[PDB]
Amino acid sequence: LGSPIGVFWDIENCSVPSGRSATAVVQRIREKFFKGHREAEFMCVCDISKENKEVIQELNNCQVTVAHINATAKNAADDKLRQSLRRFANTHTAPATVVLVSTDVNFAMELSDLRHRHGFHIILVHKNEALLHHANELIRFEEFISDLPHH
């Protein structure tokens, strides 16, 4: 009902296929999820020195925040995703929707907090049960990267 939505994208693990339009992936996510909502956040975490520069430019043209971390710390991206989920939850109240685009079961408890103590609607976009259990909705990441337009 005009409730806020935040998208948090683990793009290291749910990546855009080589040669394909990241713009189209972002468009598909927004088309699937954003009707009736106000966008509070749409962010991905990555080490931009590892990522395809054209993909990153597409993301910035699509107004997806590209939060840079140094991936030589193996838990840096996961930590930043957790912190961003929590920051979203810190100043919004139910009703609100979190879309986590990740397959990292490491987020289980985060989602539990968001579901139980914050009362948020949780959509997990994953590649595939402990992680799935706390989500309200489970969507396969594949539908957002299948048969994409090519560069």
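Start at 1 and count along the sequence shown; that's the residue number.
- A chain break between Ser18 and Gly19 is not present, all residues of the deposited sequence in that interval being modelled.
- The stretch with the higher mean CA B factor, choosing between 33-41 and 103-111, is 103-111.
- As the entry records it, the average C-alpha temperature factor is higher for 63-71, out of 63-71 and 87-95.
- Of the candidates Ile122, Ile48, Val26, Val125, the one whose C-alpha carries the top B factor in the deposited record is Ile48.
- Among all modelled residues in its chain, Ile145 ranks in the middle third by Cα B-factor.
- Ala22: CA B factor in the lowest third of modelled residues in this chain (values from the PDB entry).
- Per the PDB record, residue ranking by Cα B-factor puts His118 in the lowest third of the chain.
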